[PDB]
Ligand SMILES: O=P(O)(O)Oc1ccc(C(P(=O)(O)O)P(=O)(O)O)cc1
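Below you'll find only one chain, the form deposited without this ligand, shown as structure tokens.
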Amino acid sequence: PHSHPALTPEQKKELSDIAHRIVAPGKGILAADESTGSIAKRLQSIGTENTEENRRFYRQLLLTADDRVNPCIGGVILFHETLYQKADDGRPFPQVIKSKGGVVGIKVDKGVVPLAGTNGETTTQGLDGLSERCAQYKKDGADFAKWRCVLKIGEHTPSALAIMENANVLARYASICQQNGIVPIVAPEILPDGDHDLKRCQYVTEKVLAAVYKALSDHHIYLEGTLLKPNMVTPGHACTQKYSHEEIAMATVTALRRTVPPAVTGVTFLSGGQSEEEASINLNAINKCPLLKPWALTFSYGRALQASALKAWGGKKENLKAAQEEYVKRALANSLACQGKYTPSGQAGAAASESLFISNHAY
């Protein structure tokens, strides 16, 4: 085929600049774009209600930390509502993140819907009018975006149709984003559920990353103006055989090494149902693995960067300072891990009180 410049060289420069500012060495992303119902679950768990004012409050907390976290966070992923929310001193949240030293992010997908004739599979929707939302959002104060899809490993899942769909739908969204100066973060989230061991996870991950990078090539997306946010190679949470961080490190680096091109600027690992300490330890391990790593390997933790701070606040407005402090600490730990310079804090077991959910309820 032959030439048809989708983006101008000027636009290309913009995307590269931004995509590169986010994944700077030592920085990572804080994912605080949880939807209304989702976050409602968090407030219920402690003893707090889920009101507008409260939401505005909790957010303001993580967002008002001291400048220790400044060289640690390259970006934050906000929820639509939060975008137009003001601080106590009247400062708009988007601007307040700017003052710290990071870029504004915004979730844009409109939830997953089911696929007919598949063993409980889904694809994500939300393309209708996307470009308009992006032009407006760029104007309002956001620079990049996050779009998620959900795949699961099982007997004979994911399906050819599922990997096919999501990978093309992700490329589709990506194209739109760039035409509006928005760096797209592609998130091919695989479920850590099941009795599949580590081997099966690595196998599934590769074939996915292959499917996603081909779809993007066909779609003419500017790789340098993108980011990848995948799951680490890990067995099902119900799996029997335990593995070491070294094995978890090797497996993850290997799959990416065989599927992610060096044009890609960064791989931002999500939390993935892991506790705070595990997340950090795995991040450090991945950045220690003796293999050639051309792209920055950082994090994009949601609750993995919160947990403590959450129950620290506990609704009790007076518990503010202590909470914020806990979170700041978790930020430093990660800043160190993404650069292979972190060391464990404690080998006891203060991690997750709802870990494997199959035996006797959850929400």
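Residue indices: 1-based, along the sequence shown.
This protein has a second form, the form solved in complex with this ligand, left out of what is shown; the following refers to that one.
The pocket of the unliganded chain is judged open, since this ligand, transferred from its pose in the bound PDB entry by superposition of the C-alphas around the site, places no atom within 2.4 angstroms of any backbone or C-beta atom. For the options 200, 257, 148, 219, the residue carrying a heavy atom within 4.5 angstroms of this ligand in the bound PDB entry is 148.
Think of it this way: in the bound PDB entry, this ligand has a heavy atom of just one of 51, 64, 35, 70 within 4.5 Å, and the residue is 35.
Contact check for 41, 107 and 303: all three have a heavy atom within 4.5 Å of this ligand in the bound PDB entry.
This chain is displayed without this ligand, yet in the bound PDB entry the stretch 27 to 35 from 334 to 342, 321 to 329, 290 to 298, 27 to 35 comes within 4.5 Å of it by heavy atoms.
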